[PDB]
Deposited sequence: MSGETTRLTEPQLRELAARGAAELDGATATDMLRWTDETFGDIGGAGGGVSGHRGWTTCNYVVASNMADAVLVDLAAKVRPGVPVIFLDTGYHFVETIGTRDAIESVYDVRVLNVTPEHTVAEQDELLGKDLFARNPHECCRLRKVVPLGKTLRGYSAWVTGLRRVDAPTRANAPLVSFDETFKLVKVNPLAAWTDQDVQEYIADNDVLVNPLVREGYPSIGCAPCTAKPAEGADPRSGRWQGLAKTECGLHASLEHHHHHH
């Protein structure tokens, strides 16, 4: 494998969380790149995005050109989300990776009942998001997400750096301390791309069947 050892990863996550207490998003990404950078697509840390905007993508490309960015194409996405994905891949200096489940929508419908998302959403999410994400992250020692502590009351204590137990690696959230005004001013000052559905009155953007219509 190409993963770092579990105790090594836990100690690195602890040292990073202690050392980056109160750092800006760029400082966290700089530390991540300095730690897991070598030994441009030949990288040891990856960035994850839901294609709702290109804030974290812009930052990661500014600190590391050609950085890999994973997108979980569950086959239930909006056409606008796939269009935003393509736009970010064409514009930004980023290596995009289309993480797809091994079974298509039609295949899963025929093998486990049509529209499995409506009959059991947890298993659909596990099959099309969690399992492919884990199979892809096997190989990377750390991964970066655009999680903000304001996303939910349960996310209020989201750490800057920690050890993700679900995939057993290092998880760093640069946008954790960011507020809505923060991301708004950043998008304004940097002219970064935004999913059209966000402009069309959508709080969050996920799979088409499991997104609350306004």
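Chemist: What ranges of the deposited sequence are left out of this structure?
Modeler: Unmodelled stretches, in sequence order: 1-4, 44-55, 231-262.
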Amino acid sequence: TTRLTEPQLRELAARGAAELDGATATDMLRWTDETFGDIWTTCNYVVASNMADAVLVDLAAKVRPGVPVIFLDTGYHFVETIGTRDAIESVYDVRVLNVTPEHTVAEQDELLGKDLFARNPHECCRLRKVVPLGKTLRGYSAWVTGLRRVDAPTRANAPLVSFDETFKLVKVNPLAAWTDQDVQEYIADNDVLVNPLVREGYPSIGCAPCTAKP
From here on, numbers count along this sequence of modelled residues.
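Chemist: Going by the average Cα B-factor in the PDB entry, point out whether 67-75 or 104-112 comes out higher.
Modeler: Per the deposited B-factors, the answer is 104-112.
Chemist: Which is higher in the entry, the mean Cα B factor of 180-188 or that of 50-58?
Modeler: The stretch with the larger mean CA B-factor is 180-188.
Chemist: Could you check 157, 166, 42, 145 and tell me which one carries the biggest Cα B-factor in the deposited entry?
Modeler: Of 157, 166, 42, 145, 42 has the highest C-alpha B-factor.
Chemist: Would the CA B-factor of residue 119 place it in the lowest, middle or highest third of its chain?
Modeler: CA B-factor rank for residue 119: highest third.
Chemist: Quick one: classify residue 81 as lowest, middle or highest third of the chain based on its Cα B-factor.
Modeler: Middle third, going by the recorded CA B-factors of the chain.
Chemist: Taking only the Cα B-factors deposited for this chain, tell me whether residue 33 sits in the lowest, middle or highest third.
Modeler: Its C-alpha B-factor belongs to the middle third of this chain's values.
Chemist: Ranking every modelled residue in this chain by its Cα temperature factor as given in the entry, which third contains residue 201?
Modeler: Ranked within chain, residue 201 CA B lands in the highest tercile.
Chemist: Select lowest, middle or highest to describe the third in which the CA B-factor of residue 4 falls within its chain in this entry.
Modeler: It falls in the bottom third of the chain.
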